[PDB]
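One structure is given here, and the rest of the page talks about it.
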Amino acid sequence: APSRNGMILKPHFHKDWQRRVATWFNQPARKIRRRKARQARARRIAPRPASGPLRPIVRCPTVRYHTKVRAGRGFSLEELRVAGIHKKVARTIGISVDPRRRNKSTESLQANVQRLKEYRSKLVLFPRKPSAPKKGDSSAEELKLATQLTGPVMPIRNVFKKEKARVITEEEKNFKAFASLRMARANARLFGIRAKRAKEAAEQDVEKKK
Amino acid sequence: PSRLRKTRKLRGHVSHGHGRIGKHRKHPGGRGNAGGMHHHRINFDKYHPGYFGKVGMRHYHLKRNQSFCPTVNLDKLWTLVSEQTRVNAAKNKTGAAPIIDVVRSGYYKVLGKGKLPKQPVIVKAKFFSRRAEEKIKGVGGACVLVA
Amino acid sequence: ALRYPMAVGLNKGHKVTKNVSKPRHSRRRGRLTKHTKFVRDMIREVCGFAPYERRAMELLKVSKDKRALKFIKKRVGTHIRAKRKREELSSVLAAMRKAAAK
Amino acid sequence: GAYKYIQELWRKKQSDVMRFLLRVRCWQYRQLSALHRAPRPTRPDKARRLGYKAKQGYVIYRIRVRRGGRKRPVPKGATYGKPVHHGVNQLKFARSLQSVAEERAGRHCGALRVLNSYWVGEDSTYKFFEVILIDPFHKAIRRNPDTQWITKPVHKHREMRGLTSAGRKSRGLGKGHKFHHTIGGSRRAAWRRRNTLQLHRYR
RNA sequence: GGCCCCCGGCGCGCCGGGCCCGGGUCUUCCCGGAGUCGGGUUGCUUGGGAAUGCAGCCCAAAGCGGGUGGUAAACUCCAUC
RNA sequence: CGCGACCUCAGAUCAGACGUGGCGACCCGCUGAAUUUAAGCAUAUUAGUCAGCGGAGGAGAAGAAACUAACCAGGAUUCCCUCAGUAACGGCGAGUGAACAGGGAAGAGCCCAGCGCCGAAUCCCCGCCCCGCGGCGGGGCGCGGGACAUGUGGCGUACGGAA
Ligand SMILES: [Mg+2]
Ligand SMILES: [Mg+2]
Ligand SMILES: [Mg+2]
Ligand SMILES: [Mg+2]
Ligand SMILES: [Mg+2]
Ligand SMILES: [Mg+2]
Ligand SMILES: [Mg+2]
Ligand SMILES: [Mg+2]
Ligand SMILES: [Mg+2]
Ligand SMILES: [Mg+2]
Ligand SMILES: [Mg+2]
Ligand SMILES: [Mg+2]
Ligand SMILES: [Mg+2]
Ligand SMILES: [Mg+2]
Ligand SMILES: [Mg+2]
Ligand SMILES: [Mg+2]
Ligand SMILES: [Mg+2]
Ligand SMILES: [Mg+2]
Ligand SMILES: [Mg+2]
Ligand SMILES: [Mg+2]
């Protein structure tokens, strides 16, 4: 029974929940296990970045996130095609490739080509045998580093372009933003009917002739 | 800390602070929010006016990020930028006015609470209030819409 | 007179240049192939027509073509499938009519 | 190629030809036992799309299944309980008849490992099916690398666990908004995830 | 820290086999899983609401089609598999 | 009234293989209550929960979009944090109740049928030799059997592919 003021509150402890309580006494033991396993995987992939493969830059979806930029899942085929890396090979040099990515705008594409180009510059492809054929880099850039790269490879940093102080032309000052927005709202709202009434009026003008 | 709790001080006394006329029985009201309409009604309708009943429109697949529009007041617009933009300005003598990209700092709308200091600006933002616009103009600045 | 890009209204959103890529090969599925067409109609002269199809042809002949569609919708399910079927049946019926006139 | 023809013909099931044949097949099948090993696949085409291959150690049992729904096995009515659960007649099994068909083929030939099934007709009383089975221990399967996944002992009794194409369908899993139940492994697992008090160390 | 066993795992040599295994550029061809989808339905199920998912029964497809696009339907553009 | 092909079917203590029961903490498929709550109770709730049956593995299941979205767009599955006790359901009462985005753990992608080309170019079992043999394999040689054109193998599968 409720007594004088309080949130009329609904707890969800009506099922047999104590049968399915999940404690976290693992977690330290877990955290270590991951960490060992992590250090092992590094050591196995000896001069290769611990990170993984290189991954594309990509914008988030939705109005909310929109402005931010992450690492994506893998580079698109167009981006590999333009960079000039054979897709089947790109996997073998540590370049993530997804093939389900569309590519809508050319601003996101050229950026991601630039990424791969830069990667290919600062990559040290070892030759297959110790005897050195084409592609494989010099023994200088090899002895000076068979070094792993700690952290994510060529990390993405969401960055801003500084706008210098303008002078405010008599035109910026002239603008009526709030009004403009109200107008722009109503024209989206009313576009469709306006077009139907105009289509009606056009039919009335043609009907007047016959 | 049981040490501090009340049951330590109740030891010895019969009823354990629950009285002996009426006792501590199991669920004398009913369990939980039972009787909202009948027999607990008065509490509900003098501390939760409007619990019972429907109202307004349903909306099936609500996704909150569509309606994302965090606001900021003129009150503290200059807070977004380093003091030395607001200082290199009220100085300078070009009549420059520094830009304030509000969307960079994580606010989409610019609403209009507060006095804005007499010092020109260019506020870039997704949305503006009417008053926020007006105040900005009165300072001697320019609102700027961005996508 | 100052056309700032807006986040709201008709020609809204961030103004970005569009690449016009090759459309994915996945998108061309169901496109009727010359050899598949031949197979399809090669079998429509072996197997012939279904019973409901035949009944609809008889309605269409009579020029009672709404009742034909009402029948096909109840039979097939949707309107759009029923309409697309009624056109096929009307095409078949026409190519019989052209074939008879010789 | 002939298979595409066959395929398109079999889609004309209301046709005069295929209806004749289906009636004659279905008569014939009805006049045999509920489970018999077909010497070759009634539908060669279908079998290939489902992964049959006309080599040794692929088998095909044609299995009959009784049709219609599932009446509640309780004496008289007497589903004693709240009258939500009073139903006995108009209620319906979760798995399909085709799955039941496979499950029975699987039951019978324990060594054999159910791959996949297809349909061959239906009377009022029965349905008919054709379950492709495989020996996991016939060298021609063992040594062929592309099949030797079935010889692994995780694939014991696929049909029993809800893992053939048919018995997958009851589980109610696909990508996208039309699912969510089964957004872990399976129906049961999501419930499990959703009804765990995760009780953290620090809270 | 030591010695002794054994076993693993990886490094080099020899033999036996297999193995003549690319990429871009322009042309000519090639292309998709049916009693399934879909509909009606009844019963269970779901937060899923003029049907979220699974079922039985009846109907029962197409190929610039088909599916999705969280309010039933028709017209219509788009998007997306 | 024979002999011979094949088809569909039998029988063998025929040659050689496999399956059967157990365990069940975790896992997959079915099946499925009622105490209970609602201060009564029938829908609801308890709960797709206990009991019931089935089948597994060292994990299982899931998984390479008939996906999300509606953005300047993301890009298999699983797991955690969040979303969120929210959208929604509900004698709109009791009560119940997800998903996308965002940040992480991890990270890996592939193969058929078909359509086509290639003298079936493929597979299984016999038998003789050389090695190897306590996870029955390699190489060679047999007019030695069989499977297979009612389609085996190489190329190839939507991220396009072939010539
Ligand atoms: Mg990582
Ligand atoms: Mg007290
Ligand atoms: Mg007392
Ligand atoms: Mg009292
Ligand atoms: Mg009840
Ligand atoms: Mg289905
Ligand atoms: Mg329910
Ligand atoms: Mg709608
Ligand atoms: Mg067992
Ligand atoms: Mg009660
Ligand atoms: Mg009571
Ligand atoms: Mg009572
Ligand atoms: Mg329930
Ligand atoms: Mg149990
Ligand atoms: Mg598995
Ligand atoms: Mg799939
Ligand atoms: Mg997802
Ligand atoms: Mg909150
Ligand atoms: Mg529930
Ligand atoms: Mg082939």
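Lettering and numbering for the structure tokens are positional, with chains as A, B, ... in the shown order, residues counted from 1 in each chain, and ligands counted from 1 in the shown order.
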### Task
At a cut-off of 10 Å, list the chain F residues touching chain D, using only C-alpha atoms (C1' of nucleotides), as a ChimeraX atom specification.
/F:8,17-20,27-31,33-34,42-43,48,54-57,60-63,65-68,76-79,98-100,111-116,122-124,147-148,150-152
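Near ligand 10, at distances of 9 Å or less and with only C-alpha atoms (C1' of nucleotides) and all ligand atoms counted, sit the residues residues 36, 37, 38, 39, 40 and 41 of chain F.
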Suppose we keep N, CA, C and O atoms (P, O5', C5', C4', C3', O3' and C1' of nucleotides); can you now write the selection as a PDB file, in the first residue's frame?
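Contents of again-v4.pdb, freshly written:
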ATOM      1  P     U F  36      -3.265 -19.311  -5.061  1.00  0.00           P
ATOM      2  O5'   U F  36      -2.156 -18.230  -5.406  1.00  0.00           O
ATOM      3  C5'   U F  36      -0.967 -18.178  -4.614  1.00  0.00           C
ATOM      4  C4'   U F  36       0.081 -17.359  -5.305  1.00  0.00           C
ATOM      5  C3'   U F  36      -0.350 -15.960  -5.680  1.00  0.00           C
ATOM      6  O3'   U F  36      -0.476 -15.190  -4.497  1.00  0.00           O
ATOM      7  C1'   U F  36       0.893 -16.881  -7.440  1.00  0.00           C
ATOM      8  P     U F  37      -1.774 -14.296  -4.269  1.00  0.00           P
ATOM      9  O5'   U F  37      -1.478 -13.042  -5.191  1.00  0.00           O
ATOM     10  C5'   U F  37      -0.181 -12.445  -5.139  1.00  0.00           C
ATOM     11  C4'   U F  37      -0.079 -11.348  -6.156  1.00  0.00           C
ATOM     12  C3'   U F  37      -1.345 -10.548  -6.389  1.00  0.00           C
ATOM     13  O3'   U F  37      -1.495  -9.560  -5.376  1.00  0.00           O
ATOM     14  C1'   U F  37      -0.456 -11.200  -8.464  1.00  0.00           C
ATOM     15  P     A F  38      -2.929  -9.289  -4.722  1.00  0.00           P
ATOM     16  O5'   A F  38      -3.726  -8.570  -5.902  1.00  0.00           O
ATOM     17  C5'   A F  38      -3.185  -7.413  -6.561  1.00  0.00           C
ATOM     18  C4'   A F  38      -3.815  -7.206  -7.920  1.00  0.00           C
ATOM     19  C3'   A F  38      -5.318  -6.965  -7.927  1.00  0.00           C
ATOM     20  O3'   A F  38      -5.492  -5.594  -7.589  1.00  0.00           O
ATOM     21  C1'   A F  38      -4.719  -8.488  -9.655  1.00  0.00           C
ATOM     22  P     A F  39      -6.939  -4.944  -7.569  1.00  0.00           P
ATOM     23  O5'   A F  39      -7.722  -5.850  -6.524  1.00  0.00           O
ATOM     24  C5'   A F  39      -7.574  -5.623  -5.120  1.00  0.00           C
ATOM     25  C4'   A F  39      -6.767  -6.726  -4.493  1.00  0.00           C
ATOM     26  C3'   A F  39      -7.542  -8.019  -4.208  1.00  0.00           C
ATOM     27  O3'   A F  39      -6.918  -9.198  -4.714  1.00  0.00           O
ATOM     28  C1'   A F  39      -6.426  -7.259  -2.262  1.00  0.00           C
ATOM     29  P     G F  40      -7.731 -10.207  -5.665  1.00  0.00           P
ATOM     30  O5'   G F  40      -9.165 -10.291  -4.987  1.00  0.00           O
ATOM     31  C5'   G F  40      -9.476 -11.284  -4.004  1.00  0.00           C
ATOM     32  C4'   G F  40     -10.736 -12.019  -4.385  1.00  0.00           C
ATOM     33  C3'   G F  40     -10.741 -12.751  -5.719  1.00  0.00           C
ATOM     34  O3'   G F  40     -10.193 -14.066  -5.652  1.00  0.00           O
ATOM     35  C1'   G F  40     -12.680 -11.444  -5.561  1.00  0.00           C
ATOM     36  P     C F  41      -9.135 -14.581  -6.754  1.00  0.00           P
ATOM     37  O5'   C F  41      -9.999 -14.704  -8.082  1.00  0.00           O
ATOM     38  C5'   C F  41     -11.219 -15.452  -8.139  1.00  0.00           C
ATOM     39  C4'   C F  41     -11.820 -15.349  -9.522  1.00  0.00           C
ATOM     40  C3'   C F  41     -10.822 -15.361 -10.671  1.00  0.00           C
ATOM     41  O3'   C F  41     -10.578 -16.716 -10.999  1.00  0.00           O
ATOM     42  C1'   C F  41     -12.238 -13.498 -10.898  1.00  0.00           C
TER      43        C F  41
END
### Task
Apply DSSP to the structure's backbone, then extract all residues of region 22-77 of chain C labelled alpha helix (DSSP H) and return them as an MDAnalysis selection string.
chainID C and resid 34:44 51:61 65:76
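Interatomic distance, CA of residue 148 (chain A) against CA of residue 47 (chain A): 4.8 Å.
Neighbours of region 137-140 of chain A closer than or equal to 9 Å, with only C-alpha atoms (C1' of nucleotides) counted and sequence neighbours fewer than 2 positions away skipped, come out as residues 124, 125, 126, 127, 132, 134, 135, 142, 143, 144 and 145 of chain A.
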Selection above as a file: N, CA and C atoms, as a tab-separated table (two decimals), in the first residue's frame:
chain	number	residue	atom	x	y	z
A	124	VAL	N	55.46	-1.73	-45.00
A	124	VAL	CA	56.73	-2.40	-45.18
A	124	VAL	C	56.43	-3.84	-45.50
A	125	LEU	N	56.25	-4.12	-46.78
A	125	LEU	CA	55.95	-5.46	-47.23
A	125	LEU	C	57.24	-6.26	-47.24
A	126	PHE	N	57.29	-7.32	-46.44
A	126	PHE	CA	58.45	-8.21	-46.41
A	126	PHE	C	58.34	-9.12	-47.63
A	127	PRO	N	59.48	-9.53	-48.21
A	127	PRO	CA	59.44	-10.50	-49.30
A	127	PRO	C	59.17	-11.91	-48.78
A	132	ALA	N	65.23	-11.63	-52.10
A	132	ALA	CA	64.30	-10.51	-52.35
A	132	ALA	C	63.92	-10.31	-53.83
A	134	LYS	N	60.65	-8.51	-56.56
A	134	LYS	CA	59.93	-7.22	-56.67
A	134	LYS	C	58.94	-6.99	-55.53
A	135	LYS	N	58.43	-5.76	-55.45
A	135	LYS	CA	57.47	-5.31	-54.42
A	135	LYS	C	58.07	-5.22	-53.02
A	142	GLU	N	63.33	-2.58	-42.81
A	142	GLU	CA	63.14	-4.00	-42.49
A	142	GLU	C	63.95	-4.30	-41.23
A	143	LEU	N	65.24	-3.96	-41.28
A	143	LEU	CA	66.13	-4.05	-40.14
A	143	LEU	C	65.83	-2.90	-39.18
A	144	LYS	N	65.68	-1.69	-39.72
A	144	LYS	CA	65.31	-0.52	-38.91
A	144	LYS	C	63.93	-0.65	-38.28
A	145	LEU	N	63.06	-1.46	-38.90
A	145	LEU	CA	61.81	-1.86	-38.26
A	145	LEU	C	61.27	-3.19	-38.78
### Task
List all protein, DNA and RNA residues that have at least one atom no more than 12 Å from any atom of ligand 3, counting only C-alpha atoms (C1' of nucleotides) and all ligand atoms, and write them as a ChimeraX atom specification.
/B:13-25
### Task
Let me have all residues with an atom within 12 Å of ligand 19, counting only C-alpha atoms (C1' of nucleotides) and all ligand atoms, laid out as number ranges by chain.
A: 12, 14-15; D: 181, 191, 194-195; E: 45-47; F: 44-49, 89-90, 95-98
### Task
Return as a PyMOL selection string the residues belonging to chain A that are within 9 Å of chain F, counting only C-alpha atoms (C1' of nucleotides).
chain A and resi 10-12+14-16+34+52+58-67+72-74+77+98-101+104-105+107-108
Could you write out that same residue set with C-alpha atoms as a compact mmCIF listing (two decimals), in the first residue's frame?
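Final output, saved to part_29.txt:
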# COMPACT_ATOMS: atom_id res chain seq x y z
CA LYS A 10 6.88 -0.78 -11.17
CA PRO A 11 9.76 -3.12 -10.36
CA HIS A 12 10.24 -6.16 -12.57
CA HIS A 14 7.82 -11.02 -10.45
CA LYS A 15 9.48 -13.76 -12.51
CA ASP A 16 11.98 -16.13 -10.82
CA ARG A 34 41.57 -11.14 -22.81
CA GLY A 52 44.24 -5.65 -37.03
CA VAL A 58 33.12 6.62 -42.31
CA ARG A 59 30.36 8.99 -41.13
CA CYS A 60 27.69 7.80 -38.76
CA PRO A 61 24.00 7.74 -39.69
CA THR A 62 21.18 9.88 -38.32
CA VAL A 63 20.93 13.59 -37.73
CA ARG A 64 22.31 12.89 -34.21
CA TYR A 65 25.76 11.43 -34.98
CA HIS A 66 25.98 12.79 -38.44
CA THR A 67 28.79 15.22 -37.58
CA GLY A 72 34.04 1.66 -40.68
CA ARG A 73 34.01 -2.07 -41.26
CA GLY A 74 36.04 -2.15 -44.47
CA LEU A 77 35.45 -1.78 -53.90
CA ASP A 98 33.77 -4.93 -47.06
CA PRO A 99 31.98 -5.21 -50.36
CA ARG A 100 28.46 -4.31 -49.19
CA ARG A 101 29.26 -0.58 -48.88
CA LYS A 104 27.09 7.89 -52.43
CA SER A 105 29.21 11.04 -52.30
CA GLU A 107 33.89 13.50 -50.69
CA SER A 108 33.79 10.27 -48.65
### Query
Once you count only C-alpha atoms, which residues of chain A turn out to be within 6 Å of chain D? Could you give them as a PyMOL selection string?
chain A and resi 20-24
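Here CA of residue 107 (chain B) is placed at a distance of 8.0 Å from CA of residue 125 (chain B).
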Residues near residue 61 (chain D), cut-off 6 Å, only C-alpha atoms (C1' of nucleotides), skip fewer than 5 positions along chain, as a compact mmCIF listing (two decimals) with N, CA, C and O atoms, in the first residue's frame:
# COMPACT_ATOMS: atom_id res chain seq x y z
N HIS D 36 9.96 -45.57 -47.12
CA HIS D 36 10.64 -46.45 -48.06
C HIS D 36 11.74 -45.64 -48.71
O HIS D 36 11.62 -44.43 -48.87
N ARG D 37 12.81 -46.33 -49.06
CA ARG D 37 13.93 -45.69 -49.70
C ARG D 37 13.70 -45.70 -51.21
O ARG D 37 13.74 -46.76 -51.85
N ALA D 38 13.43 -44.52 -51.76
CA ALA D 38 13.38 -44.33 -53.21
C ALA D 38 14.74 -44.69 -53.78
O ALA D 38 15.78 -44.31 -53.22
N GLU D 130 10.61 -36.22 -49.51
CA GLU D 130 11.74 -36.93 -50.03
C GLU D 130 12.97 -36.36 -49.36
O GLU D 130 13.43 -35.28 -49.73
N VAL D 131 13.48 -37.07 -48.37
CA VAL D 131 14.56 -36.56 -47.54
C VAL D 131 15.89 -37.09 -48.05
O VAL D 131 16.11 -38.29 -48.08
List all protein, DNA and RNA residues that have an atom no more than 8 Å from any atom of ligand 6, counting only C-alpha atoms (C1' of nucleotides) and all ligand atoms, and report them as a PDB file with C-alpha atoms (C1' of nucleotides), in the first residue's frame.
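New file selection-v1.pdb:
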ATOM      1  CA  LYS D 169      11.861 -21.964 -40.463  1.00  0.00           C
TER       2      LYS D 169
ATOM      3  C1'   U E  36       7.836 -21.258 -52.381  1.00  0.00           C
ATOM      4  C1'   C E  37       6.529 -16.227 -52.184  1.00  0.00           C
TER       5        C E  37
END
### Task
Using DSSP on the backbone, list every residue of region 14-147 of chain B that comes out as strand (DSSP E or B), and give them as a PyMOL selection string.
chain B and resi 71-73+99-101+109-111+122-125+127-128+142-145
### Query
chain E residues within 6 Å of chain D, counting only C-alpha atoms (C1' of nucleotides): which ones, as a ChimeraX atom specification?
/E:33-34,43,52-56
Selection from above, N, CA and C atoms (P, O5', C5', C4', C3', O3' and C1' of nucleotides), as a PDB file, in the first residue's frame, can you write it?
ATOM      1  P     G E  33      15.545 -19.185 -59.814  1.00  0.00           P
ATOM      2  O5'   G E  33      15.764 -19.302 -58.245  1.00  0.00           O
ATOM      3  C5'   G E  33      14.724 -19.816 -57.404  1.00  0.00           C
ATOM      4  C4'   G E  33      14.846 -21.310 -57.256  1.00  0.00           C
ATOM      5  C3'   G E  33      14.243 -21.843 -55.970  1.00  0.00           C
ATOM      6  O3'   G E  33      13.783 -23.186 -56.080  1.00  0.00           O
ATOM      7  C1'   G E  33      16.627 -21.977 -55.874  1.00  0.00           C
ATOM      8  P     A E  34      12.531 -23.561 -57.012  1.00  0.00           P
ATOM      9  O5'   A E  34      11.375 -22.566 -56.550  1.00  0.00           O
ATOM     10  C5'   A E  34      10.937 -22.460 -55.183  1.00  0.00           C
ATOM     11  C4'   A E  34       9.596 -23.133 -54.986  1.00  0.00           C
ATOM     12  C3'   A E  34       9.419 -24.495 -55.668  1.00  0.00           C
ATOM     13  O3'   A E  34       8.754 -25.300 -54.702  1.00  0.00           O
ATOM     14  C1'   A E  34       7.615 -23.143 -56.210  1.00  0.00           C
ATOM     15  P     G E  43      -9.463 -18.629 -33.502  1.00  0.00           P
ATOM     16  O5'   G E  43      -8.189 -19.347 -32.873  1.00  0.00           O
ATOM     17  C5'   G E  43      -8.244 -20.730 -32.494  1.00  0.00           C
ATOM     18  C4'   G E  43      -6.861 -21.264 -32.216  1.00  0.00           C
ATOM     19  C3'   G E  43      -5.913 -20.362 -31.447  1.00  0.00           C
ATOM     20  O3'   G E  43      -6.086 -20.335 -30.041  1.00  0.00           O
ATOM     21  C1'   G E  43      -4.770 -21.304 -33.265  1.00  0.00           C
ATOM     22  P     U E  52       2.374  -7.483 -38.306  1.00  0.00           P
ATOM     23  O5'   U E  52       3.740  -8.122 -37.800  1.00  0.00           O
ATOM     24  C5'   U E  52       4.840  -7.287 -37.402  1.00  0.00           C
ATOM     25  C4'   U E  52       5.922  -8.094 -36.725  1.00  0.00           C
ATOM     26  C3'   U E  52       6.027  -9.561 -37.107  1.00  0.00           C
ATOM     27  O3'   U E  52       6.709  -9.714 -38.347  1.00  0.00           O
ATOM     28  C1'   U E  52       5.992  -9.399 -34.768  1.00  0.00           C
ATOM     29  P     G E  53       6.240 -10.838 -39.396  1.00  0.00           P
ATOM     30  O5'   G E  53       6.681 -12.196 -38.687  1.00  0.00           O
ATOM     31  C5'   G E  53       8.054 -12.386 -38.309  1.00  0.00           C
ATOM     32  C4'   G E  53       8.227 -13.547 -37.364  1.00  0.00           C
ATOM     33  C3'   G E  53       7.659 -14.874 -37.831  1.00  0.00           C
ATOM     34  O3'   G E  53       8.598 -15.526 -38.669  1.00  0.00           O
ATOM     35  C1'   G E  53       6.923 -14.454 -35.640  1.00  0.00           C
ATOM     36  P     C E  54       8.090 -16.560 -39.758  1.00  0.00           P
ATOM     37  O5'   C E  54       7.397 -17.688 -38.876  1.00  0.00           O
ATOM     38  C5'   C E  54       8.181 -18.811 -38.471  1.00  0.00           C
ATOM     39  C4'   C E  54       7.429 -19.714 -37.531  1.00  0.00           C
ATOM     40  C3'   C E  54       6.430 -20.667 -38.158  1.00  0.00           C
ATOM     41  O3'   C E  54       7.181 -21.752 -38.713  1.00  0.00           O
ATOM     42  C1'   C E  54       5.517 -19.696 -36.194  1.00  0.00           C
ATOM     43  P     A E  55       6.694 -22.546 -40.037  1.00  0.00           P
ATOM     44  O5'   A E  55       5.539 -23.479 -39.470  1.00  0.00           O
ATOM     45  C5'   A E  55       4.190 -23.028 -39.533  1.00  0.00           C
ATOM     46  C4'   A E  55       3.302 -23.902 -38.694  1.00  0.00           C
ATOM     47  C3'   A E  55       2.109 -24.435 -39.473  1.00  0.00           C
ATOM     48  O3'   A E  55       2.461 -25.717 -39.973  1.00  0.00           O
ATOM     49  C1'   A E  55       1.340 -23.096 -37.692  1.00  0.00           C
ATOM     50  P     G E  56       2.260 -26.049 -41.520  1.00  0.00           P
ATOM     51  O5'   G E  56       0.732 -26.493 -41.581  1.00  0.00           O
ATOM     52  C5'   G E  56       0.333 -27.729 -40.966  1.00  0.00           C
ATOM     53  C4'   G E  56      -1.125 -27.714 -40.587  1.00  0.00           C
ATOM     54  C3'   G E  56      -2.131 -27.529 -41.715  1.00  0.00           C
ATOM     55  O3'   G E  56      -2.383 -28.739 -42.428  1.00  0.00           O
ATOM     56  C1'   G E  56      -2.680 -26.078 -39.957  1.00  0.00           C
TER      57        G E  56
END
